[PDB]
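Take the sequence shown: its position 42, counted from the start at 1, is 42 in the entry's author numbering, and no numbers get skipped. Report on one structure; see the data block that follows.
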Amino acid sequence: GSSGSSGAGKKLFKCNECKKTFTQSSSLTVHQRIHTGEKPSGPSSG
Ligand SMILES: [Zn+2]
Numbered sequence: 001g002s003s004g005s006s007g008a009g010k011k012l013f014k015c016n017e018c019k020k021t022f023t024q025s026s027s028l029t030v031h032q033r034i035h036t037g038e039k040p041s042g043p044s045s046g
């Protein structure tokens with residue numbers, strides 16, 4: 001079921017932690033650190 005209302009297009013990079021996107025990679029990268037640098041809550045094993 002494709003109900004693309006908000007986005008779901010022109011995507012190149014997506015975070016498999018908070019389903020976030022960034023027009024560019026660099027932007028996403030700096031955002032990844034957060035998920036890959038936060039208190040040990042659970043075994044990410046990404
Ligand atoms: Zn994220």
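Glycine is no exception: its CB is placed at the ideal position from the N, C-alpha and C atoms.
Item                                                                                                                                     : Value
For residue 29, does the three-state DSSP call read helix, strand or coil?                                                               : helix
Quick one: Cα of residue 23 to Cα of residue 10, how far?                                                                                : 9 Å
Taking only the alpha-carbon atoms, compute the straight-line gap between residue 13 and residue 44 and give it to the nearest angstrom. : 19 Å
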